[PDB]
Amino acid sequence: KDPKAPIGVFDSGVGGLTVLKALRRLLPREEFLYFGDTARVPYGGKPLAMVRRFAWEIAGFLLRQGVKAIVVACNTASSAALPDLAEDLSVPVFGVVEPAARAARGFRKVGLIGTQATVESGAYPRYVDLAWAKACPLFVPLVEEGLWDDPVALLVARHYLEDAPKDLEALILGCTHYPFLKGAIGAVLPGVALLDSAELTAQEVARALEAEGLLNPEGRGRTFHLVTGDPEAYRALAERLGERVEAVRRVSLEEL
């Protein structure tokens, strides 16, 4: 156990940067390795079992790099791979399903939105009873196009959420990209608590790591980006989502 060692964070691409941001705020002294698998993004439409192999390869790559814990920022990969991945690895492994589904248990009727893979996996029903679940394929490309406040978002939010229970008290945003869309989602489902996977998970990570004596007390934390697709494209994309990408290098899928 070396608290000077970095924390691994991985995603299919830029969406998981919402998780990275929340982690860095609570843990400014830590070193993060953010792995964006942009050569194979998106996971949301791939067979769950293929994502599970992706997650295993990427966990292996992060351990090779020496991380002390792994945060699976993707909801699709969390659904596909956890809890087994945490049950198979020695370093702590954290996901974005359980923390938000835990908080959700203090409400009478809970709904879920996420990718096609996420809602069909049954990952969330394993931790919490769901009144309603619905795949929102367009949210991700709406967010990546920078249209989170544009009227089209709103109409699309209405198309996906029109048919949903009026007594829902909370809604799980079971996709890394969905925090950008609280505005259009709040507007169509007023009064409903919106559960953010990123903030809920980073808190869990911070609590658990300190509890194990693995947080780094001293020093000034940094972030390195590792992507399997084009780095310049990723840098552009990350910026459209308000993240200044400083350090990026391309990781070959042969290194996997």
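Start at 1 with the first residue shown and count on from there.
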Assert higher mean C-alpha B factor (99 to 107 or 137 to 145, deposited values) equals 99 to 107
Of 128 to 136 and 90 to 98, the stretch with the higher mean C-alpha B-factor in the deposited entry is 128 to 136
Max C-alpha B-factor within the set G186, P83, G114, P179 falls on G186
The largest CA temperature factor among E31, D37, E212, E57 is found at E212
In terms of its chain's C-alpha B-factors, the third that includes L154 is the highest
Among the modelled residues of its chain, the C-alpha B-factor of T223 falls in the third labelled middle
On the chain's distribution of Cα B-factors, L48 falls within the third called lowest
Split the chain's modelled residues into thirds by Cα B-factor; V192 lands in the highest
Temperature factor at the Cα of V251, chain-ranked in thirds, falls in the middle
